[PDB]
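Participant: Residue numbers (the deposited numbering): 1 to 104. Would you mind keeping the following structure in view while I ask a few things?
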Ligand SMILES: Nc1nc2c(ncn2[C@@H]2O[C@H](CO)[C@@H](O)[C@H]2OP(=O)(O)O)c(=O)[nH]1
Ligand SMILES: [Ca+2]
Ligand SMILES: [Ca+2]
């Protein structure tokens, strides 16, 4: 079974931890990868009910299981905060234009 389902993509907790650790390390070193500069602040325009505190940062999580290194980011993202806590897993899949919806 999937811990998080983003559209057709199935993710386990380990996938999220792996993705988060990569994004968080870049954040701490003050570096970004990709033309969209990940990781970067997530403003929560959608108004999701994140239990943990801000600031939030979005980092792409890939369906292939590979850690993002600069190419196409895809539709899925892990959102983490300043204390290295997972705020949530979101996706552009099933959402209008550039909006996000939560992964179930
Ligand atoms: N939908 C959405 N985009 C955000 C948010 N915070 C920052 N962004 C950025 O605002 C712009 C319009 O969505 C994009 O550059 C998007 O970045 P990404 O495309 O890198 O996710 C947010 O809370 N929601
Ligand atoms: Ca996996
Ligand atoms: Ca692989």
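In this text, a Cβ means the ideal position worked out from N, Cα and C, and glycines have one as well.
Does the Cβ-Cβ distance between residue 81 and residue 54 come in under 8 Å?
Facilitator: Yes, these two residues count as a Cβ contact at 8 Å.
Participant: For ligand 3, any of its heavy atoms closer than 7 Å to the Cβ of residue 70?
Facilitator: Checking every heavy atom of ligand 3 against the Cβ of residue 70, none is found closer than 7 Å.
Participant: Along the chain, where does the alpha helix (DSSP H) containing residue 18 start, and where does it finish?
Facilitator: Residues 13-29.
Participant: Going by C-alpha distance, which of 96, 102, 89, 100 is nearest residue 13?
Facilitator: Of 96, 102, 89, 100, the residue nearest in Cα terms is 89.
Participant: Buried or exposed, going by whether 16 or more other CB atoms sit within 10 Å of the CB of residue 23?
Facilitator: Residue 23 comes out buried.
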